[PDB]
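Below is one structure, written out as structure tokens; comments come after it.
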Amino acid sequence: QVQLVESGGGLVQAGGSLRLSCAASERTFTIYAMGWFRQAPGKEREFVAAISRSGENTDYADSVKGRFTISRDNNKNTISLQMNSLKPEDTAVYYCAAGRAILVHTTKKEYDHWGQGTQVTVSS
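In the numbering used here, each residue carries its 1-based index in the sequence shown increased by 11.
Now the structure itself:
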């Protein structure tokens, strides 16, 4: 079983950037496809971005395409979310997620493991 730890959230002004990171358990790191989701006030959780086991393939929600970039470090057992041109509607708890994938280049939308979250608040 895998554990997941998000970091890097905080309070930022609209137009700013933030970089989130997610640490995942070392011994199983590369068995899991990984992703980011977020849950804004009053809303269901929303898929944000996904990355394959290999780190070579990615997928994004239309709401963040071009502003957010997901990356993976298979040296250090992390994934990252670079968030640029932030807007108030990006305010949410951001969750890292993991799920087994048979192939190394597959991205997932459904995940069975997720972190406690990191809070992101974008003010104007």
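All C-beta atoms, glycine included, are put in the ideal place defined by N, C-alpha and C.
Cβ neighbour criterion (16 or more within 10 Å) applied to residue i
i, result
"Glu17", "buried"
"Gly110", "buried"
"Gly126", "buried"
"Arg64", "buried"
"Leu15", "buried"
Residue closest to residue i, alpha-carbon to alpha-carbon, out of the options
i, options, result
"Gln130", "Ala112, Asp101, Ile113", "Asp101"
"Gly26", "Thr69, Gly19, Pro99, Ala72", "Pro99"
"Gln24", "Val115, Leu97, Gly128, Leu114", "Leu97"
"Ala72", "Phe48, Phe40, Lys87, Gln12", "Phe48"
Residue i versus residue j: straight-line alpha-carbon distance, rounded
i, j, result
"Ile42", "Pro52", "32 Å"
"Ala61", "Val133", "22 Å"
"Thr118", "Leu29", "23 Å"
"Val59", "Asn68", "15 Å"
"residue 4", "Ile113", "The requested residue 4 does not occur in the structure, where the chain is confined to residues 12 to 135."
"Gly77", "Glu37", "30 Å"
"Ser135", "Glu57", "22 Å"
Assumed close pair residue i, residue j - CB separation to whole angstroms, cut-off 8 Å
i, j, result
"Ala108", "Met45", "7 Å"
"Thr80", "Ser32", "No, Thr80 and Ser32 are not in contact; Cβ-Cβ is about 13 Å, not under 8 Å."
"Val75", "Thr39", "Incorrect: roughly 27 Å between the Cβ atoms, too far for contact."
Okay, do the segment 113 to 128 and the segment 77 to 96 touch, 3+ Cβ pairs below 8 Å being the bar?
At 8 Å Cβ cutoff, the stretches do not touch.
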